[PDB]
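Sequential numbering from 1 along the given sequence is applied to the chain's residues. Ligands are counted one by one from 1 in listed order, and the atoms in each one are counted from 1 as well. The figures that follow rest on heavy atoms only: side chains count, while hydrogens, waters and symmetry mates do not.
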Amino acid sequence: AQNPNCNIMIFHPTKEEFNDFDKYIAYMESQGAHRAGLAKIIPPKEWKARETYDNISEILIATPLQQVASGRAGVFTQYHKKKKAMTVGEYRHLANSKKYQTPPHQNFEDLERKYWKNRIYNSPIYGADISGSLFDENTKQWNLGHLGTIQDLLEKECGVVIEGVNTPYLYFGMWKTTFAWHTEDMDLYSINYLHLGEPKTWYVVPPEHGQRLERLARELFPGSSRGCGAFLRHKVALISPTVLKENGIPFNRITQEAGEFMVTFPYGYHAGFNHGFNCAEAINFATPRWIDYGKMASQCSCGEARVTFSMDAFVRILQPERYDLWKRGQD
Ligand SMILES: O=C(O)CNC(=O)C(=O)O
Ligand SMILES: [Mg+2]
Ligand code: NI
Ligand SMILES: [Zn+2]
């Protein structure tokens, strides 16, 4: 068995290997990459996403989100308070202000210590989930706006044509902006490109151990667990590496820098934080190997998780028994 310890693997494809996206994902899996739940891909030196980032300041962040924490430093939830619209130039100036800017630090490990010590005492503002793309239309390789769609994958594997579309999303971050513990909708893959700015630190649980994280989460968030049998779908809970180690949960960590891709694999729980002002692009995708994960994915039916239009058909075709209850949650 390849990668039996479930370590995060790092890949360096050549320009020739960067042509065929599907084939390269399947290669990474032949080497055991999926067992970690997360992989890093460093693009060939010949490649670029676009020519410059000098002209992005007029993008609008219609609903910036203030991430307010509750709990203790290592075990907390966050709620998202909606703020007034602002441009990316306005948001960058806010990120760099004395109130929000990255503190002085020695290295990534010192900044990680500071994050876990102090995150709950501040409320950073995140521009999340903004439909759009920063890839140039002439970038042919690993262009996250030109991937094969999940609807086409389902149709190719299973024969059923379905409605829905699959487009990328932009994220503008600042120091301490946080992504809570989650798997993707319908336990899909994700791919994330860090276009510019400061790093993003990731934590991940191997897919084969995801239920260990769920059992810990039920113990640490007992009211939330009573409210919903899949409350991590709400994407609000944080648990620190120190707490995971104290409870014997297998995990790994890695820092993504500008110019690098990360892939998350089906049922790979992940969480993390941004080091300073940055911009990332991400999209969900599928392969043949995903179908069985999609058929088994948990679902939130309490009404909190509220998701995209295109998840309807995935539940309807892959999980017809659960469809009626899930849809009640959506209405
Ligand atoms: O970058 C972020 O805030 C969150 N991204 C992801 O969870 C992802 O790409 O799957
Ligand atoms: Mg602009
Ligand atoms: Ni994710
Ligand atoms: Zn729920």
Side-chain angles (χ1 to χ4, degrees), residues 37-41 50 52-61 65 67 77-78 80 86-92 124-130 132-134 144 168-174 176-204 214 217-218 221 223-238 254-258 260-275 278-285 298-305 307 322 325-326 329-330:
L38 185 64
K40 178 180 291 195
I41 310 93
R50 66 176 305 109
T52 80
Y53 292 90
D54 294 334
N55 306 116
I56 69 169
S57 305
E58 319 303 307
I59 292 171
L60 192 68
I61 308 169
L65 302 176
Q67 304 187 292
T77 58
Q78 59 187 10
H80 291 170
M86 77 180 81
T87 68
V88 166
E90 293 162 339
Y91 180 84
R92 179 178 63 227
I125 297 167
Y126 206 174
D129 291 321
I130 294 162
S133 185
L134 293 169
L144 300 188
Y169 297 89
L170 301 178
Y171 301 79
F172 292 94
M174 68 168 62
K176 283 171 175 174
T177 54
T178 300
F179 52 111
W181 282 105
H182 70 283
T183 63
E184 303 302 308
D185 288 348
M186 218 68 179
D187 296 344
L188 282 158
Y189 296 71
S190 66
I191 181 164
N192 180 303
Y193 181 68
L194 190 53
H195 280 284
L196 63 95
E198 303 315 308
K200 190 187 293 288
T201 292
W202 301 66
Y203 305 90
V204 58
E214 294 174 349
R218 295 189 299 272
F221 305 97
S224 290
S225 178
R226 285 185 290 272
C228 181
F231 77 94
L232 295 177
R233 299 278 169 211
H234 307 168
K235 309 191 306 183
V236 303
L238 281 299
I254 193 167
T255 300
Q256 176 193 19
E257 299 186 76
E260 306 178 338
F261 292 90
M262 305 299 297
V263 166
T264 83
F265 295 88
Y267 197 60
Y269 275 102
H270 56 280
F273 65 89
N274 295 305
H275 291 208
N278 67 14
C279 172
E281 181 170 341
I283 197 177
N284 298 117
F285 72 92
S298 63
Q299 304 299 354
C300 171
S301 309
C302 77
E304 283 297 306
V307 302
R322 291 184 168 173
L325 185 74
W326 173 81
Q330 241 47 12

Practice item. Measure the acute angle between the ring planes of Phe285 and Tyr189, then classify it against the limits of 30° and 60° as parallel, tilted or perpendicular. Key: parallel
**Study point:** Atoms in ligand 1 with a heavy atom of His182 nearer than 4.0 Å
**Key:** 7 (O)
**Study point:** At the Zn ion (ligand 4): angle between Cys300 atom SG and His234 atom NE2, to 10 degrees
**Key:** 110°
Check your understanding: Should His195 and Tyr53 be marked as a ring pair (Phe, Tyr, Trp, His ring centres under 6.0 Å) after you check the CA-CA gap, both sets of side-chain angles, and the distance that decides it?
Key -> CA-CA 8 Å; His195 280 284; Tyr53 292 90; 5.5 Å; yes
Practice item. Could you walk me through whether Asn274 and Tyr171 pass side-chain hydrogen bond (donor to acceptor under 3.5 Å, both in side chains), step by step? Key: CA-CA 11 Å; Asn274 295 305; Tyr171 301 79; over 6 Å; no
**Study point:** Ring geometry between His234 and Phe231 (parallel below 30°, tilted from 30 to 60°, perpendicular above 60°)
**Key:** perpendicular
Review point. Looking at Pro199 and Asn278, what are the two nearest heavy atoms and their distance?
Key: O-ND2, 3.5 Å
Point to revise | For atom 4 (C) of ligand 1, the option (of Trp181, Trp202, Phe179) bearing the nearest heavy atom | key: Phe179
Exercise for review: May I ask whether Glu184 has any heavy atom positioned less than 4.0 angstrom from an atom of ligand 1?
Suggested key: yes
Exercise for review: Kindly confirm or rule out an N or O of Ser190 lying under 3.5 angstrom from an N or O of ligand 1.
Suggested key: yes
**Study point:** Side chains of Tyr91 and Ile125 in contact at under 4.5 Å (non-hydrogen atoms)
**Key:** yes
Point to revise | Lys235 and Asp129 ion-paired at < 4.0 Å | key: no
Study note, to complete from the structure: So the angle subtended at the Zn ion (ligand 4) by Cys228 atom SG and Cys302 atom SG, rounded to 10 degrees, is 110°
Review point. Applying a 4.0 Å heavy-atom criterion (strictly less than), which segment of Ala282 is in contact with ligand 1: side chain, backbone, both, or neither?
Key: side chain
Practice item. Return yes if some donor-acceptor pair links the side-chain N/O of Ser225 with the main-chain N/O of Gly223 below 3.5 Å, else return no. Key: no
Study note, to complete from the structure: Within the 4.0 Å heavy-atom cut-off, what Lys200 brings close to ligand 1 is side chain
Exercise for review: Would you check whether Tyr126 has a nitrogen or oxygen atom less than 3.5 angstrom from a nitrogen or oxygen atom of ligand 1?
Suggested key: yes
Practice item. Show which atoms of ligand 1 fall inside a sub-4.0 Å distance from at least one heavy-atom site of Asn192. Key: 1 (O), 5 (N), 9 (O)
Revision key, fill the gap. among protein heavy atoms, the one nearest atom 6 (C) of ligand 1 is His270 NE2, 3.9 Å
